[PDB]
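The form deposited in one PDB entry is given below as one chain in structure tokens.
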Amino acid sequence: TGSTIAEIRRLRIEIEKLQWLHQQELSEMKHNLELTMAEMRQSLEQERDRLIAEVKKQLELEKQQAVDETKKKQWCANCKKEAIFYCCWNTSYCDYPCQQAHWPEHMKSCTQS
């Protein structure tokens, strides 16, 4: 009695403090974690939508390059490999076996005359 009731009071004080603190962690975390789990779900999709377009633009670039490089070359009317023999307008061949194969089909169109 005296010292004992004084230190009981100290234990009551300490326990009451721990309750206040835990009431603050609990009141704050239900809200704070609500905002952290949607903040990271959105930053992921903003990064993904910037990625799909990054590659669409890239391939659209590579396409136009490939198409333009194709404009600078003659191509075999038979097999679409690059050609080196000329027959008539818009008709070339990689070699005479392609020309000789294509000839039944090409004869109806050949303008070499």
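Think of the rigid core as the biggest set of C-alphas that the two forms share within 1.5 Å after superposition. All residue numbers refer to positions in the sequence shown, first residue = 1. Shifts are known only where both forms have a C-alpha.
In what follows, reference is made to the form deposited in another entry, a form of this protein that is not presented.
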| item | value |
| --- | --- |
| Rigid-core fit between this form and the one not shown, the member of 29, 67, 38, 51 whose C-alpha shifts 2 angstroms or more | 29 |
| Did residue 105 shift 2 Å or more between this form and the one not shown, C-alpha, core superposed | no |
| Rigid-core frame, C-alpha of residue 20, shift of 2 angstroms or more between this form and the one not shown | yes |
| Taking the rigid core as reference, consecutive runs of 3 or more residues that move 2 angstroms or more in Cα between this form and the one not shown | 1-24, 26-33 |
